[PDB]
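Student: Below you will find the structure I want to go over with you.
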Amino acid sequence: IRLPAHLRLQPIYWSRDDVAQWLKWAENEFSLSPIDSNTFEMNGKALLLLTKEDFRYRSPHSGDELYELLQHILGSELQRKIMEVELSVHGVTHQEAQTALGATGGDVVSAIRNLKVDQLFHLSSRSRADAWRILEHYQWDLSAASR
Ligand SMILES: [Cl-]
């Protein structure tokens with residue numbers, strides 16, 4: 001298998017042009033059915049949010065192949081969990097999410113909450129338990145940071 005040079009194996013950083021390059025490469029390297037590049041008008045972050053059915057909607061004949069190819073390029077789930085954390089807490093970066101997820105043992109829910117209490121703790125002299133209490137009381141809504 002010959003990879004397309006100048007295309008890193010980090011799909012979370014792929015541009016729209018990189019997605020088109022990956023599609024063209026995949027169609028030729030795996031002899032797939034013709035893929036209209038106009039059917040994947042998105043960047044790499046968006047590609048990670050598609051389900052296998054979403055791939056099939058765009059390419060009934062080779063969409064699931066492309067999905068499995070993406071899964072193997074990603075390898076041994078974390079990149080998608082990181083995106084879910086980044087989509088749940090304002091101001092959290094890739095590294096902040098990865099640190100929180102590793103602390104919570106892959107738990108997205110606990111990582112989001114630990115990150116939410118961190119942000120709330122960053123604004124008051126209250127103890128972390130008081131921050132954990134207000135957030136548990138307010139159903140884990142960080143928007144209720146009223147003072
Ligand atoms: Cl990635």
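Residue names in the structure tokens use chain letters A, B, ... in the order shown, residue numbers from 1 in each chain, and ligand numbers from 1 in the order shown.
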Within 6 Å of ligand 1, counting only C-alpha atoms and all ligand atoms: which residues, as a list in words?
Tutor: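 Answer in the requested format: residues 10, 11, 12, 74 and 79 of chain A.
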Student: Can you pull out the residues contacting region 30-40 of chain A? Cut-off 10 Å, using only C-alpha atoms, and skip same-chain residues under 6 positions away; I want them as a ChimeraX atom specification.
Tutor: /A:1,16-17,19-24,46-47,55,57-63,65-66,69
Student: With distances taken over only C-alpha atoms, which of A:68, A:18, A:118, A:141 is nearest to residue 88 (chain A)?
Tutor: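 Going through A:68, A:18, A:118, A:141 one by one, the smallest distance to residue 88 (chain A) is for A:141.
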Student: In terms of the shortest atom-to-atom distance over only C-alpha atoms, which of A:77, A:119, A:140, A:49 is closest to residue 101 (chain A)?
Tutor: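 Using only C-alpha atoms, the shortest distance to residue 101 (chain A) belongs to A:77.
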